[PDB]
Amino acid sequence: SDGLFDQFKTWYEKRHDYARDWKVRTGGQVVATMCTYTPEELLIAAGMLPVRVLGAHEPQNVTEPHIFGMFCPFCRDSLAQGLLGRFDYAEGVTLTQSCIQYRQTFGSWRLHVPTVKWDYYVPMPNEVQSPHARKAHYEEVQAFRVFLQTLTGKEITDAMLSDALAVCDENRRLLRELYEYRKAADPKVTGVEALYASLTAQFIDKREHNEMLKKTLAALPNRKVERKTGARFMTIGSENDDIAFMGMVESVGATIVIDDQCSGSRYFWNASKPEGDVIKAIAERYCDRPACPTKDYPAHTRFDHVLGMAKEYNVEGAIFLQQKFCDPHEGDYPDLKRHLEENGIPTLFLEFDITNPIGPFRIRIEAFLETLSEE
């Protein structure tokens, strides 16, 4: 009703218009980014706007010659956005290594999207638990810096990197402050509103996004809550960026109070540590971040992260949203499910294609709510 989050909703709906106008105002380049491990500080320091590729959740046939249909809907939907010309304003494309399926989106995009002027693949270590991974990633981040300096012909100094890191860390801290409100019994921020904020963080200028988050937080102390909370849900998955689906969940008698997904907490959760070598601060922030399943071995540190979030936000039920064919999350799913259930959190499993009729999922959510109402 009060429209507090409308700016984030507009930014999401009009993301492409925003990027084009950003180029007019700043004269900078736009870079299509893939996977949340992209070291965006480096792109910001180089004067560029990082915009995360996401899907459109509409029917598409353009990817069949490029990606075999055994691979997930997200990697195909994402590639379709490039092939359809919807990122034609982006001079660059970059991916930082995680899931192997996503690497196909990057490979096919750099080969076939005719507006790409440059590309870069960052082989971030997967084994962030190794004592050698932070040194390796330090050198990867430095190498990307050298690449960007060469590409733009402008020195990217430590001061420039430190200013970009400050902007990113402020965004991460502000998003965490926003999330704090979701711990209340009657949250002043819905899960949908939190999602608009955390997703747009990934494709709006961070300086502009931080200003909007600061306005949002200035308004929350006195914001009036009219809706009833209903059941306290957690959403768990890879990306989880279908806001329309989340809106259905919150309309049937529930609130999504926390999440484990790259549209949300897994993107922003930790700020960097205070540290004088800015390359180390940047590289280690990503290594220390809650891990993608692909990067979570030998220990399943994710299980403790997810359960800790569930307890801190007083979750009553956890909903696994899984992309069809998603190997990293499929590999973790049976035992993550058991871990939550053994700790008193009932779970629900839902699987998604590029598009999905909402009717069947709502029936499942309503049946899940009836189960919570009994024990």
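We number the residues from 1 along the sequence you see.
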- Would 136-144 or 203-211 have the larger average of its C-alpha temperature factors, as given in the entry? 203-211
- Item | Average Cα temperature factor in the PDB entry - higher stretch of 336-344, 40-48 | 336-344
- C-alpha B-factor winner, where the candidates are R173, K228, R103, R285: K228
- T235 CA temperature factor, ranked by third within the chain: middle
- Would you check the entry's CA temperature factor for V62 and let me know if it's in the chain's lowest, middle or highest third? highest
- Sorting the chain's modelled residues by C-alpha B-factor and splitting them into thirds places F245 in the highest
- Note on the structure: Binned into thirds over the chain's modelled residues, the C-alpha B-factor of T255 lands in the highest
- Task: Pull the Cα B-factor of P293 out of the PDB entry and bin it into the chain's lowest, middle or highest third.
- Result: lowest
